[PDB]
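Note sheet for the following structure.
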Amino acid sequence: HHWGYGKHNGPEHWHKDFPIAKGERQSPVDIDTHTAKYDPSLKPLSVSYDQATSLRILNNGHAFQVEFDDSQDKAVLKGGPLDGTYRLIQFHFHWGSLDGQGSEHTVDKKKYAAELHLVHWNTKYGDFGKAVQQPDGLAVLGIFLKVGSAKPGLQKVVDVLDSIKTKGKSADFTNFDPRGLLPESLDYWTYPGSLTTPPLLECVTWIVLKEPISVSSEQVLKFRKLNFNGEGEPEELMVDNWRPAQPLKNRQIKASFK
Ligand SMILES: [Zn+2]
């Protein structure tokens, strides 16, 4: 009976195995655009993905994860609110059963159809496992998805999903360029928070882009064909794998833009 997104093991149950679920800097949160304060001190966000090297894509029973070779100084996030350099290790999505829900962060209570998370670790801590034990261990770039025009750069991801339908399936996924998943503008909101999946560690600087990307209905429909279950188990569609907004508590959301 491990954690998931169902009635008996979903977000409202997580605190039992992971007490930090009720902690002081949990994610995601609602972004109140009128309360977020422009911070002229923020530096421009630097996203350097030109040398990114993808390895594999995996269905882990909670989402699908595209993993990168992070053994060299390549796909790096820096600047913005960050001190130092963070290296890309993986990205994944959260999405809904319907276009009207799916995102984890919300904007003035608005839910997007999905949300992309590009996860980077602080190189000062040597590797991901050590980084997540530190308050400034991770930087996650969050990008909202809305349904409209197709995102051509997402299609390579969508076409491989048939091969990793069920929990535990993985496939080679080389030469995928995550630059194809970025919106035009890098305007962002930033706040200190957590992983949004167990173990929910409070180790993330969140950087959430204001501009969503558009994906087509057909593209998101293919996300919804994935399965939470493993091969040979009763089919339960992988949908609504999002944690809802958590209390902001003692935190300020800063905006990079006015
Ligand atoms: Zn995530």
Side-chain angles (χ1 to χ4, degrees), residues 20-21 23-49 52 75-94 102-112 114-125 128 131-146 178-179 181-197 200-213 242-258:
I20 205 176
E24 298 303 303
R25 59 176 279 186
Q26 287 291 290
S27 293
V29 299
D30 181 54
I31 295 161
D32 178 334
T33 63
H34 295 109
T35 295
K37 195 188 173 184
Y38 168 59
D39 187 342
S41 82
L42 291 171
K43 302 176 180 179
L45 190 60
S46 174
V47 187
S48 303
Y49 288 168
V76 158
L77 180 66
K78 64 176 185 179
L82 309 166
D83 288 323
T85 58
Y86 293 67
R87 198 174 290 173
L88 179 67
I89 181 171
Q90 55 105 332
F91 70 76
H92 61 270
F93 298 80
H94 307 263
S103 71
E104 298 200 309
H105 294 88
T106 55
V107 181
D108 298 332
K109 298 303 176 79
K110 176 192 174 63
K111 298 176 164 86
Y112 286 86
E115 187 172 330
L116 165 63
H117 291 160
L118 294 125
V119 180
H120 316 72
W121 53 271
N122 197 326
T123 61
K124 75 161 66 174
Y125 300 125
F128 181 86
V132 297
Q133 307 182 51
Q134 310 300 327
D136 58 351
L138 297 191
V140 183
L141 182 59
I143 300 176
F144 296 120
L145 283 59
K146 66 184 189 175
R179 290 178 295 188
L181 302 175
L182 303 177
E184 295 184 356
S185 179
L186 294 181
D187 289 345
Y188 64 86
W189 295 285
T190 183
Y191 74 95
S194 73
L195 304 178
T196 69
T197 47
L200 298 173
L201 300 170
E202 293 180 333
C203 64
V204 182
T205 299
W206 276 96
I207 302 171
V208 177
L209 298 190
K210 171 166 182 294
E211 181 187 331
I213 59 167
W242 51 276
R243 186 187 199 194
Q246 302 299 302
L248 187 61
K249 298 187 163 302
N250 211 279
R251 295 177 285 177
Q252 289 188 2
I253 304 183
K254 298 173 188 177
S256 77
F257 59 92
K258 54 178 182 299

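In this chain, numbering begins with 1 at the start of the sequence shown. Worth knowing before you read on, the calculation uses all heavy atoms, side chains too, and leaves out hydrogens, waters and symmetry mates.
Considering only residues two or more places apart in sequence or on other chains, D136 meets the salt bridge (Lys or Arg N to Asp or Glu O under 4.0 Å) condition with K124. Checked against side-chain contact (heavy atoms from CB on, under 4.5 Å), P192 has the following partners two or more places apart in sequence or in another chain: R25, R251. Take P244 and apply the side-chain contact (heavy atoms from CB on, under 4.5 Å) test, not counting sequence neighbours, and it matches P11, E12, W242, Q246.
Between the side chain of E211 and the backbone N or O of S185, at least one donor-acceptor pair lies under 3.5 Å. Although no hydrogens or angles enter the test, the distance criterion places a donor-acceptor pair under 3.5 Å between the side chain of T123 and the main chain of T85. The closest donor-acceptor contact from the side chain of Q252 to the backbone of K37 lies at 3.5 Å or more, if one exists at all. A donor-acceptor pair is defined here as one N or O able to donate and one able to accept, closer than 3.5 Å; such a pair exists between the side chain of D30 and the backbone of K109. Judged by distance alone, with hydrogens and angles left aside, the side-chain atoms of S103 form no donor-acceptor pair with the main-chain N or O of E115 at under 3.5 Å. Side-chain atoms of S27 come within 3.5 Å of backbone atoms of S194 as a donor-acceptor pair (strictly under, hydrogens ignored). Although no hydrogens or angles enter the test, the distance criterion places no donor-acceptor pair under 3.5 Å between the side chain of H34 and the main chain of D32.
For the pair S256/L45, no side-chain contact is recorded, criterion being any heavy-atom separation below 4.5 Å from C-beta on. Looking only at side-chain heavy atoms (C-beta outward), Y188 and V208 stay at 4.5 Å or farther from each other. A 4.5 Å side-chain heavy-atom check between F257 and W189 finds at least one atom pair inside the cut-off. Considering only heavy atoms from C-beta on, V119 stays 4.5 Å or farther from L195 through its side chain. Residues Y112 and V107 are in side-chain contact: their nearest non-hydrogen atoms beyond the backbone lie under 4.5 Å apart. Two residues are said to be in side-chain contact when any heavy atoms from C-beta on lie closer than 4.5 Å; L248 and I253 meet this criterion. Proximity of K210 to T33: side-chain heavy atoms (C-beta onward) are nowhere separated by under 4.5 Å. Residues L209 and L186 form a side-chain contact, since some pair of their non-hydrogen atoms from C-beta on lies under 4.5 Å apart.
Contact between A75 and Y49 at its shortest, heavy atoms only, is CB-CD2, 3.8 Å. Listed here is the closest heavy atom pair of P178 and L88: CG-CD2, 4.3 Å. For the pair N122 and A131, the tightest heavy-atom approach, listed with the atom from each and the gap, is N-CB, 4.4 Å.
In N250, the CG atom is not crowded: 12 or fewer heavy atoms of neighbouring residues, nucleotides or ligands sit closer than 6.0 Å.
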- Criterion side-chain contact (heavy atoms from CB on, under 4.5 Å) on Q26 and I20, from CA distance to verdict: CA-CA 8 Å; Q26 287 291 290; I20 205 176; 4.1 Å; yes
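Note: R243 CZ to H105 NE2 = 10.5 Å, rounded to the nearest 0.5 Å. If you take CG on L141 and CG on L182, they are separated by 7.0 Å, rounding to the nearest 0.5 Å. Taking CG from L118 and CD1 from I89, the interatomic distance works out to 12.5 Å, rounded to the nearest 0.5 Å. To the nearest 0.5 Å, atoms CZ (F128) and SG (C203) are separated by 7.0 Å. Between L138 atom CG and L201 atom CG the span is 8.5 Å, to the nearest 0.5 Å. In this structure, NZ in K78 is found 12.5 Å from CG in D83, a value given to the nearest 0.5 Å.
The one candidate from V140, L77, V47 that meets the side-chain contact (heavy atoms from CB on, under 4.5 Å) condition with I207 is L77.
Aromatic ring orientation, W206 versus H117: perpendicular (interplanar angle above 60°, classes split at 30° and 60°).
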